[PDB]
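[1] My complex, part one, positions kept as in the full thing:
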Amino acid sequence: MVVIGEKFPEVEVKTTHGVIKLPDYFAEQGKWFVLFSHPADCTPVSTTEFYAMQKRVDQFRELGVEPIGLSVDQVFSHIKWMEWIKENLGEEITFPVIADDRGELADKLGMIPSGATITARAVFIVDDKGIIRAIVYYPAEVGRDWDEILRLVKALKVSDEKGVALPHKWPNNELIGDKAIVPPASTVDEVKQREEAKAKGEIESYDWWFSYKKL
Amino acid sequence: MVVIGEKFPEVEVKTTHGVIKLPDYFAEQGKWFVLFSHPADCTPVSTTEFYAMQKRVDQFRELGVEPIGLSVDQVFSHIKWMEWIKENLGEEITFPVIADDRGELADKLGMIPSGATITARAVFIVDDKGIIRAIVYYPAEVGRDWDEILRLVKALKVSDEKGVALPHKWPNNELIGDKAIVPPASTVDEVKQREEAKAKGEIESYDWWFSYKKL
Amino acid sequence: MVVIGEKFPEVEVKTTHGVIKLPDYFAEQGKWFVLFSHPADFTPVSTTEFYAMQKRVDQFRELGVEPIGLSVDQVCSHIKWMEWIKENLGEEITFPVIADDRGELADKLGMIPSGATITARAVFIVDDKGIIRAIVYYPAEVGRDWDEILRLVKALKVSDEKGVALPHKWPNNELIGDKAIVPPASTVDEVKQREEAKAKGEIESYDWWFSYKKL
Amino acid sequence: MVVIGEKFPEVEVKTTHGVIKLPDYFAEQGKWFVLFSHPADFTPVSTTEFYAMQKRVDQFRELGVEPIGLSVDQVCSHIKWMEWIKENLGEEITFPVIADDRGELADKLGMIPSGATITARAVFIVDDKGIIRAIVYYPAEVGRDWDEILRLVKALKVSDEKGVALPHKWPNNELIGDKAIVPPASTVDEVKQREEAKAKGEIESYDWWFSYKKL
């Protein structure tokens, strides 16, 4: 019961890093946060996701995006589980993990499938304004791909710094490559695009179909 | 607005290939469908993405999954855009594209962003039984990856046809590789199965809940 | 839904020249507007229409009448259509083009043919009081004639300011010529003037009702 | 939300010994169950309680009463917690533990304290007929005493077998010792019956209502 572009509910949650409020603990220091949920149905796949997210927690943090886990568990079970991951899989877990009980956040963030209080492997990208910028709902049985979520958060970043729209499989589109397209003029072209085209920058056009930055 | 597991609503949707009873046009014939969705026809990102997904439509077709597009527009715009893609890109669109003007289904499926009348870049994987099986909600500025929607529907089909859960980034997991994950022992008697199955060597395991097999 | 002499509905809508409300945005600067709706962008007959009435827009502008296009598309590809016309036809486009979606305004002006969702070729003359003065509905397959809408607007301005009525084919009429028609004598006392003003050479007449003056 | 004597709510619970029907599963084999809710897994007080219940689970079972745990946790981390107990405290847990996520059963039993979402330390004695016979609600911070729940169960059993009432701190009451208390005479034939029984010395008494017999 949330959509893209809606404010994250600014709620109080107990994590393995204190008790925080979400678009305060991250939005205040101008941080995005990738809030990824977990069912308690499948928790060997959750383990692989936690091993992978820590395996690539630098890439998220270099981007200025804070990973933050979530599940309907208690904190003590999570710290014990993450210590198991450190012991068996040789990997710390450095990001916080929310512990919502009775699934209040998942009810107010729409992560509860109907007929089962948890079946969704949900990911929310929330920007430094607190805007829910992208949602993913994998099934419990299929572990996600954090390379894809890395690509999505890189694309959300680039579209924010450079105001562009990011093609399919950017930056490995088969037609284009890594070139991000400037959103087409919703008014007369001259307002920005003719001023800023290859006459006055690297906002070069692509056969008059669009303007790309390659940036 | 909708969640996984929840039934796909019954709705009559007009498409470039006719008018269909959407949850049943594929279910009755035993097909899955990736109801994906773009903001507006002829947008360059949506064009790169229709191109890419029709270039992967074969791989969606070996898996019994039928692509279908959606947009809050008219079939006229869909067909005009499809024949632009036809002539100008060296490939033609071979999947129905819904005209959901009036936003009857996008509202229903939570597909429009907050404060908008246009649709986001959504994907709904719906299975042969008409059950919403997966969702993603990319924003308009970021285009999907269909390789990672192959991997999600490849993994969904494998989990349905073999009763296994699939790890992070399967079949490219860094702990396991392509080996699935068998359901964890959720019973003390079933736990005793996993220490003997590991000892028997039938499956590999880490801790009687994280058990994986080459299958 | 509308008829002649009815107030043009108060509507807020986006255009290639920005977002305006157009019962009275053109009436604020005391100008008339010829709202013409065409079926689809990048269709050749609509392109000939737009090119021709850009070719003759200085004649509409001189008359204090502001052309404004319309179709159920985006300002996206309205701008791109204008750019294509500029390139391949050597002609700018200098008038707003409403991107009324959902067929909202087109449903209030009743210019969606029954059994369709694409606009016909409608034209509405609206005067600087916000009142509809003429409607035409050409079918989608027949391009209009802007020379005739221009003749309409010249004649209808002349009637508006000089209190006259204009004949068929004015100012090229076979009987009268370019002379207008004075309001018919709808009273016995007025018949006295006409039967007498005809004998002073201010107006010519066929009878006391068919009285016309050179102006 | 439940009271003594009320029938235990008919529910499905996923224990660590499979999925069972509560009022029934223990009813068929002529068994009571002491259902005790603890707040969370890997909790210190809960771990002392689980260790102490295992140390005297046989005393509960030779009474015909089967301890069953409960928590807002998951069957994974119940076994993992019970495995921790096995090698750290040397006492392997042999009774089921309900993994009542979303607290729903807890919500029906009023085991969730005010404002919280985790459970308190509740105990429900339920007999063969699925009737709640006793309830305690300790706070999360105070560990229960299973010797008092044993004493309560022993007394609850004797009052059914032998139709008596049991004195305070039976079988170590100050006034009586281990003699039970016959139900008080509630009519004038029963008071004369009691005084005649006290005359024949079958029972002792302090008065006609407070009459007790060794049993």
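    Structure received. Residues are numbered from 1 along each chain as shown, chains lettered A, B, ... in the order given.

[2] Could you give the number of residues near residue A:156?
    22 (other CB atoms under 10 Å in any protein chain shown). Backbone N, C-alpha and C define where each C-beta goes, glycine included.

[3] which residues sit in contact with it?
    By CB atoms under 8 Å, 6 or more residues apart in numbering or on different chains, residue A:156 lies in contact with A:32, A:125, A:127, A:133-134, B:139, B:141-142.

[4] List the buried residues for the strand or helix carrying it?
    Using DSSP states H and E, residue A:156 falls within helix A:146-161. Within helix A:146-161, the residues that count as buried by 16 or more other CB atoms under 10 Å in any protein chain shown are A:146-159.

[5] Touching, residue A:14 and residue A:99? I think so.
    Yes: assessed by CB atoms under 8 Å, residue A:14 is found in contact with residue A:99 at 5.5 Å.

[6] So those two - more neighbours on which side?
    residue A:99 (24 against 16).

[7] wait, doesn't that one sit right on residue A:81?
    No: Residue A:99 is beyond contact range of residue A:81, at 11.4 Å (criterion: CB under 8 Å).

[8] Kindly report the residues of chain A close to chain C.
    Taking CB under 8 Å from any CB of the partner chain as the contact definition, chain A meets chain C at A:184-189, A:208.

[9] Near chain D, which residues of chain A? Just list them.
    Neighbours of chain D within chain A, by CB under 8 Å from any CB: A:40, A:43, A:72-74, A:76-77, A:80-81, A:84, A:101-104, A:117-118.

[10] let's go with 7 Å and repeat that
    For chain A, the residues in contact with chain D (CB under 7 Å from any CB of the partner chain) are A:40, A:43, A:72, A:74, A:76-77, A:80, A:101-104, A:117.

[11] what ranges do the helices span in chain A?
    For chain A, the helices defined by DSSP state H occupy A:22-25, A:45-55, A:57-62, A:75-88, A:104-108, A:146-161, A:193-196.

[12] wait, what's in contact with the residue most central in space within chain A?
    Computing the C-alpha centroid of chain A and ranking residues by CA atoms, centre = their mean puts residue A:125 first, at 3.1 Å. Taking CB atoms under 7 Å, 6 or more residues apart in numbering or on different chains, we find residue A:125 in contact with A:32, A:34, A:133-134, A:152-153, A:156.

[13] quick one: which of the residues you listed is nearest to residue B:204?
    The closest of these to residue B:204 turns out to be residue A:34 (CB to CB; 30.4 Å).

[14] Quick one: residues contacting the closest one.
    Counted by CB under 7 Å, 6+ apart, residue A:34 has contacts A:60, A:65, A:67-68, A:123, A:125, A:149, A:153.

[15] 10 Å instead?
    By CB atoms under 10 Å, 6 or more residues apart in numbering or on different chains, the contact set of residue A:34 is A:26, A:53, A:60, A:63, A:65-69, A:95, A:123-126, A:133-134, A:136, A:146, A:149-150, A:152-153.

[16] let's put chain E on the structure above:
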Amino acid sequence: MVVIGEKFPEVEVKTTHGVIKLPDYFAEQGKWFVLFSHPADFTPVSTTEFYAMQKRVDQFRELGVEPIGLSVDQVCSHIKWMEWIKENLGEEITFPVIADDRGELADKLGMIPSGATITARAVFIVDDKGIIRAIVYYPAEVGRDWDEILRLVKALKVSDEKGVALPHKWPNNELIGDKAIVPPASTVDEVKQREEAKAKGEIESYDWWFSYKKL
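    Alright, chain E goes in next:
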């Protein structure tokens, strides 16, 4: 009907010590109170319980908690029953006994069994803030044990002033003995804090969550 941690309902009731507003009488005058409810006056089990409660009312009061009885009876015959106890059992009841007719409070406290009018054998520990700390509903047939209620009140105090949690059967726990339990490390930084304080000799542990200090 009420649960742990709830505010004791604000109500005035008449006792053998006068009419008192009870969540406020000994709340304002700075004391906890143990509200215990017996089914009827001149009941033998209730008589043994009142005898025992007066035997350990000194121990209750020296802890700052005041016993208060309750029954669906009159203040008349409450005093008559206490008088009977005084001559027959040779010790005088010093604590107030609420006489709530028609079971107003006894339904506000969910303290009458199902299919009954008489009250069960309930106990409510309430702190000086008016907060229900613990609840124990015993069946009419089983007399309570006030040594367990003393243990629970001692532990509730020690948990309030010393900010700890108390193990099962404290201060005679099997694993620990009389030593309290420090609240578990709910954060990974607190996990290091417990790990380091363990190598400071002031708490010892079997793990980072199960830590128990000396007092």
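
[17] Please re-evaluate the contacts of residue A:156 in the presence of chain E.
    Going by CB under 10 Å, 6+ apart, residue A:156 touches A:32, A:63, A:65, A:125, A:127, A:131, A:133-134, A:166, B:138-139, B:141-142.

[18] Pull up the gap between it and chain C, please.
    Here the criterion is CB to the nearest CB, to the nearest Å. By it, residue A:156 lies 21 Å from chain C.

[19] Same question for residue A:61.
    In terms of CB to the nearest CB, residue A:61 sits 37 Å off from chain C.

[20] Same check on residue A:17?
    The value you get for residue A:17 to chain C, if CB to the nearest CB is used, is 44 Å.

[21] Now do the contacts for the closest residue to residue A:211 other than its chain neighbours.
    Spatially, and ignoring its direct neighbours in sequence, residue A:211 is nearest to residue A:182 (4.1 Å; CB to CB, 6 or more residues apart in numbering or on different chains). If you count contacts by CB under 10 Å, 6+ apart, residue A:182 has them with A:162-165, A:192-193, A:196-197, A:203-205, A:210-213, B:44.

[22] Buried only: go through the residues you listed for me.
    Of those, these count as buried by 16+ other CB under 10 Å: A:164-165, A:192-193, A:197, A:203, A:210-213, B:44.

[23] now the strands for chain A?
    For chain A, applying DSSP state E gives strands covering A:12-15, A:18-21, A:32-36, A:65-71, A:97-99, A:120-126, A:132-139, A:181-182, A:211-212.

[24] Need those in TSV (columns: distance to residue D:6).
    Output for the strands of chain A, formatted as TSV (distance: least, CB to CB, whole Å):
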stretch	distance to residue D:6
strand A:12-15	34
strand A:18-21	37
strand A:32-36	41
strand A:65-71	34
strand A:97-99	32
strand A:120-126	36
strand A:132-139	39
strand A:181-182	66
strand A:211-212	70
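
[25] Quick check: the residue of chain A nearest chain E.
    Nearest residue of chain A to chain E: residue A:75, at 4.9 Å (CB to the nearest CB).

[26] Tally up the residues packed near that residue, please.
    24.

[27] so it sits right up against residue A:69, yeah?
    No: using CB atoms under 10 Å, residue A:75 makes no contact with residue A:69, being 11.2 Å away.

[28] intersection of neighbour lists for those two?
    Shared contacts of residue A:75 and residue A:69, counting by CB under 10 Å, 6+ apart, come down to A:15-16, A:97-99.

[29] tell me the two of those residues that are most distant?
    The span of those, defined through CB to CB, is set by A:16 and A:98 at 8.3 Å.

[30] and chain A, which residues reach chain E?
    A:14-19, A:74-76, A:78-80, A:82-83, A:92-94, A:96-97, A:99 (CB under 10 Å from any CB of the partner chain).

[31] hmm, 6 Å instead?
    Residues of chain A lying close to chain E (CB under 6 Å from any CB of the partner chain) are A:16, A:18, A:75-76, A:79.

[32] Which of those residues has the largest number of neighbours?
    Neighbour max across the residues of chain A next to chain E (other CB under 10 Å) = residue A:76, 27 neighbours.

[33] let's put chain F on the structure above:
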Amino acid sequence: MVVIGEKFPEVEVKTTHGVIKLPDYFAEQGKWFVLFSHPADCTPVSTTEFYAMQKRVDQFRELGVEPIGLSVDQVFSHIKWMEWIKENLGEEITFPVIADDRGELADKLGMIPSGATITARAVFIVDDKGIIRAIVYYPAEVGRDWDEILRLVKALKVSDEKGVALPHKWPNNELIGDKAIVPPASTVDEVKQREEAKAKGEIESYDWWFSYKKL
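    Chain F now in position relative to the chains above:
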């Protein structure tokens, strides 16, 4: 809640002489019952009415009317209070006393003095048909007069064996005296039913005003 002539509510309720059903227990043997309910508050007055009712229960019984007390007490307190009567006022109470629960029978009869949750001093005379013959509601503070209730019952009997009406203060009226009043004739036929063989044998005529059965 009940009026004259209305059925006594068929209720089962527990007495000092065992659980009985009211309109039926006494109508079995076709004898009436006088149900007198006292408040549980003003014990001293009720003590004097129980003493008086016992002093004249022989006169009530030989009339075929069974006294039956009622109160919102417990049978233990009741039949310890009646023993107090026997011990301090020297007469055994020998009539049943309903110890009703919640005052349910008080609600069935509307004997509640307003504002309070207790009873007034009600008296219901119910005949061998379960019909309420008379109703008295004294206040809690004023004892009744059973002698008056004696002559009300004697009159209610004699009015049934003879079909008469009984004058004021019968049989000690100062005008009419002992003699009853045969109901005045309400049909011409009844007029000759009153003028039969010496006017029904031995009913006399006062002057001509009424006929009476003197004895």
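
[34] The contacts of residue A:156 again please, this time with chain F.
    Shown in contact with residue A:156 (CB atoms under 6 Å, 6 or more residues apart in numbering or on different chains): A:125, A:133, B:142.

[35] Setting the sequence-adjacent residues aside, check what's closest to the second one.
    The reference is to residue A:133. The shortest distance from residue A:133 to any non-neighbouring residue, by CB to CB, 6+ apart, is to residue A:125 (4.6 Å).

[36] Show the contacting residues for residue A:33.
    A:26, A:66, A:68, A:126 are the contacts of residue A:33 under CB under 6 Å, 6+ apart.

[37] I'd like the distance between the residue nearest to residue A:18 when sequence neighbours are not counted and residue A:14.
    Nearest in space to residue A:18, with sequence neighbours left out and distances taken as CB to CB, 6+ apart, is residue E:187 at 6.0 Å. Separation of residue E:187 from residue A:14 (CB to CB, to the nearest Å): 9 Å.

[38] Could you do residue A:157 as well?
    Applying CB to CB to residue A:157 and residue A:14 gives a distance of 29 Å.

[39] Please work out how many residues are found near residue A:187.
    Count around residue A:187 with other CB under 10 Å applied: 17.

[40] got it, and residue A:109?
    When neighbours are defined as other CB under 10 Å, residue A:109 has 24 of them.

[41] picking up where we left off before, bridging residues for the residue nearest to residue A:133?
    residue A:34, residue A:134 (DSSP bridges).

[42] Any figure for the gap between it and residue F:131?
    Distance from residue A:125 to residue F:131, by CB to CB: 80 Å.

[43] do residue A:15 as well
    Using CB to CB, we find residue A:15 at a distance of 74 Å from residue F:131.

[44] next one: residue A:139
    Separation of residue A:139 from residue F:131 (CB to CB): 73 Å.

[45] So which of those two has more stuff around it?
    Just comparing residue A:139 and residue F:131: by other CB under 10 Å the higher neighbour count belongs to residue A:139, 29 against 16.

[46] list the contacts for that one?
    By CB under 6 Å, 6+ apart, the contact set of residue A:139 is residue B:134.

[47] can you tell me which of the contacts of residue A:33 lies nearest to residue B:176?
    residue A:68 (25.0 Å).

[48] residues touching the closest residue to residue A:22 other than its chain neighbours, list them.
    Computed as CB to CB, 6+ apart, the closest residue to residue A:22 that is not its neighbour in sequence is residue A:8, at 5.4 Å. Applying CB under 6 Å, 6+ apart, we find residue A:8 in contact with A:22-23, A:126, A:130, A:132.

[49] so can I have JSON lines of the residues you listed showing distance to residue A:178 and neighbour count?
    Conversion of those to JSON lines gives the following (distance: CB to CB, whole Å; neighbours: other CB atoms under 10 Å in any protein chain shown):
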{"residue": "A:22", "distance to residue A:178": "32", "neighbour count": "24"}
{"residue": "A:23", "distance to residue A:178": "31", "neighbour count": "22"}
{"residue": "A:126", "distance to residue A:178": "25", "neighbour count": "24"}
{"residue": "A:130", "distance to residue A:178": "29", "neighbour count": "19"}
{"residue": "A:132", "distance to residue A:178": "27", "neighbour count": "24"}
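
[50] I appreciate the help and will end here.
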